[PDB]
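Data block below; observations after.
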């Protein structure tokens, strides 16, 4: 809609005809409107008045006004066209002008509103053509002759049977204008950031719908002195992760040696620019791969479901910090009641969530459980979201040492390793 | 037939409130349907409903469409502009993908498009750069503009806008240009301007203006057959009056005095008088004396009740040249 009514008006204090797109009220909306319109508010001239954020849109056409109404913003011209357009249409539609003619062709006229405008949308052009669409058609006829005829034959026969039976940018720039160790001060001239992200979806049943692991080693060198070096990579990983080396890096060297170096040893790595020397990917359905399994078992005690959720750390290698298991809760029910729990929790009334936090999850302490009760259904509890950060990488891949290409002397280096969760959800 | 199909879009819309559920699988179904589809008319519709069912699908598609848009017909384009708006106030983080497009949208060219295009922008942004971008659009627009009713409207927005009290220098300044257009009259519009105009001046961008005012003034002389502009004059003077209060003002002013002498109706005298009062308060004086001289001429140079009255006060006032 962009108009709840179109009413065509005559001077009379009264609008000659109208149609109500939507009914609810009574005319008093329309009735009141009519009254106001008739009154004109004595106001002198002006073909538009909007007051109180209501457009009263009109056009005198003579002693007649054609009127549209709206309240929130519009593009004018279009509008005008319409008022005017009305002023083109009528002598065709209902015949000329005098109420009566219209009185006879009311049906035609209303039909025209609808036809013309489908809810504040300028539907077409061409009046005659507009006739065309209905009560003027074509298809029906085509069908009828053949059909009617066919039947007729059957009938005829029957009678017998019966009978007998750059730019962007300029703008953009202008406009544009846990912590890791940020300054170059706290980093060696050779620095690597090893970051991995995990995307995992699991069914509540515990099956693994999808697991994706992406990781990369970003190398940054602050001093050209360090430009020609080789990285020693230690790979403990059993998972079957696929590794890819940067296009500049010697693939064979990496494969046999497990050293990362440029294809041309004479070449130097870029200085003060990050280079993703190595990347790896793991995508797998195998549940065995899940780092931290979550088992949530809602059960409905009579009136008042009890939820028991536990986690267990599969990979002994990991040490997970700031683990938060976010559990959605039903609303309007009040706060959840907490029973035995390992760790602590935070209840958010607005969010309607129960965040279960910690304990630190180590190889030593693989599992923990939470029990609480709230009135609700098992579905209310999902999806469960898991968030955590790990200092150690999921993939057992590390850079043990860095050496100079010439002389192979050891070089000091620093590393920042993070394992982050893009999405870890239990359906 | 697209007519038939389109009709379903309304119908469905009708369901969605009444018994949405009646059909439950729809929002996607539509969305796939869109894929099958290619009639703009129907598409336009499709969008309108689709976002109401769920924005997300539209968005996915939006991502897709981003380059293509430019090629396309407006009406459908419009509908997205509304949608995007509501969500950020609730939450953002989304930009780039949009931006990429948005810049393309900073072609902008239909009067509708432009009308919205600057309007949406402000909604989105208000950076000084932003302030400028939109501003331009208006100014040209206006200039191009013809339906006065329209003109006023943007002002109103503008009127709102001022509460961009970070209120840049320039912008105030661009007014004159715009103002020039006023000479193609319509007082009522003009009038709205004057009020509007007054505001910006920290007793500055002033002179250039003043001068301009004087230009106006000449212009005002002209040959005139004032009927509408007269009104303006009075107003102007008000507008003008205010400034002065603040300001230290100058020769320009002298000229009014002169100007006033020319004239022949009471309302001005009243102003003048108003000035009489005021000035009586204001007294740094110097000017007055000249003016008093000026006046002396004016006076010698003239007769009338008004004058007659004038004399009285002035007489009342008195000082030297014993």
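Residue positions begin at 1 at the first shown residue.
In case you wondered, yes, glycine gets a Cβ from its N, Cα and C as well.
In Swiss-Prot, the entry for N6-acetyllysine among A:162, A:174, A:366 corresponds to A:174. Of the candidates A:156, A:164, A:263, A:267, Swiss-Prot marks one as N6-acetyllysine, and that one is A:267.
Note: the Cα of residue A:174 (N6-acetyllysine) and the Cα of residue A:166 (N6-acetyllysine) are spaced 13 Å from each other.
Considering only the modified residues A:166, A:225, A:267, A:409, residue A:177 (phosphoserine) has A:166 as its nearest partner by CA-CA distance. Look at the modified residues A:166, A:174, A:225 and count other Cβ atoms within 10 Å of each Cβ; A:166 has the fewest. Residue A:166 (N6-acetyllysine) falls within neither a helix nor a strand when secondary structure is assigned with DSSP, and so counts as coil. When the modified residues A:166, A:225, A:409 are compared by Cα distance to residue A:267 (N6-acetyllysine), the shortest distance belongs to A:225.
Checking the modified residues A:174, A:177, A:267, A:409 against chain B with a Cβ-Cβ cut-off of under 8 Å leaves A:174.
Each of the modified residues A:177, A:409 was scored by how many other Cβ atoms lie within 10 Å of its Cβ, and the smallest score goes to A:177. If you measure from the Cα atom of residue A:225 (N6-acetyllysine) to that of residue A:166 (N6-acetyllysine), you get 37 Å. Distance between Cα atoms for residue A:166 (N6-acetyllysine) and residue A:409 (phosphoserine): 47 Å, as a whole number.
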